[PDB]
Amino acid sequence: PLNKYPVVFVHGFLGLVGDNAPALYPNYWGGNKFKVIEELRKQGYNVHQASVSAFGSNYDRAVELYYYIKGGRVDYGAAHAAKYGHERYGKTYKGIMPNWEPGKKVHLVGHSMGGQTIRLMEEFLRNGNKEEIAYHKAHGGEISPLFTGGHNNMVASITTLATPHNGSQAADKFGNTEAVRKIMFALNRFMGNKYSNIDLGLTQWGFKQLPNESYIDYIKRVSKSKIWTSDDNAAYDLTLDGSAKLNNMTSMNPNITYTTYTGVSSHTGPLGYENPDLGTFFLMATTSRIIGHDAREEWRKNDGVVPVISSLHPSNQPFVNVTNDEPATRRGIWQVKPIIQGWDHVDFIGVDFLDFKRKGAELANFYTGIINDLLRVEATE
């Protein structure tokens, strides 16, 4: 295989991949424009798409990503499970790299919230989880190696595509509101029913109907779950406060190579506010206007759901702007790629089937550019 470290692509919020997608549904990594996993494999590259929770928190998604790669049964931590009120153990993953350990590395590419998930999992690998450490010391038992800390030389690169490193007003003012969270969780409850084949990612909260449980008792049982009031969900983590908590508990690993990509899809109106361009995917037309009418000017330019000031880099970690041809092989610092003009949040993954300005060849070059950069990380070591 042409890349020496496996590339793992990490979908964001709402993402469903592989056989976990519904019967008719767009293919997350590339749409019908560039089938990323398919084609990059055809070109001789070793690539994989992680399947992690679509509605869960960054913490819960970061744990699940680790088991997708390593294999095993998900262990969210005994302290975490106790503090937020959900199950400790989850799905079991075969694992794309059973012998993943210090020495065998991966490249991590994340779109949207996948970027935040990749950061939080590397943090656990490097610095551990101090609550699970204090718990395992005080009550014995077993601790997942994800929370032990001390592990290095396992992640070669972290690359983010339209990742809300600083959150988004579309979460604060819409997605994290009571009424909207109730809609998301009602969808999860329904997709937990005993006929359902797709996992929306919150079954650790109880959203799995048992085969001889009536829906009436299912409603009654899960209405007592702590999810309805919890911050351990994706909608909270995507808020400005939610993302600042993650910025404040993560740090730069001097050995990893960091890159961000950002799209802008708005245009300035005669008053200074930003409105979605035409061809901004129609489902983000309203969130784009919420972001674009912020009271702070520097928070207005956006890709539909992420303001540009959020996508460029975390606001408390160091960064350096980079041109499109400048080798992005620096380690320990966020290299901020030039904002791609005209790309909305989902043009990065090709699922905007209504935008005939964004064609396949363009997306193939973009993903070939990312792979090329990663291959240069491998050679400069």
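Numbering starts at 1 and follows the sequence shown.
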Open item on the list: Going by the mean C-alpha B-factor recorded in the entry, which is higher: 344-352 or 325-333?
Closed with: 325-333
Open item on the list: When the Cα temperature factors in the entry are averaged, is it 276-284 or 97-105 that ends up higher?
Closed with: 97-105
Task: From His111, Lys173, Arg189, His139, residue of greatest CA B-factor - done: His139
Task: Selection by C-alpha B-factor (highest) of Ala162, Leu238, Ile133, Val180 - done: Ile133
Task: Relative C-alpha B-factor of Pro211, binned into the chain's lowest, middle or highest third - done: highest
Open item on the list: Among the modelled residues of this chain, does the Cα B factor of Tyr45 put it in the lowest, middle or highest third?
Closed with: highest
Open item on the list: Using the temperature factors of the C-alpha atoms in this entry, rank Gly85 within its chain: lowest, middle or highest third.
Closed with: middle
Open item on the list: Looking at the temperature factor on the CA atom of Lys245, which third of the chain's modelled residues does it land in?
Closed with: middle
Task: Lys220 - Cα temperature factor, lowest/middle/highest third of chain - done: lowest
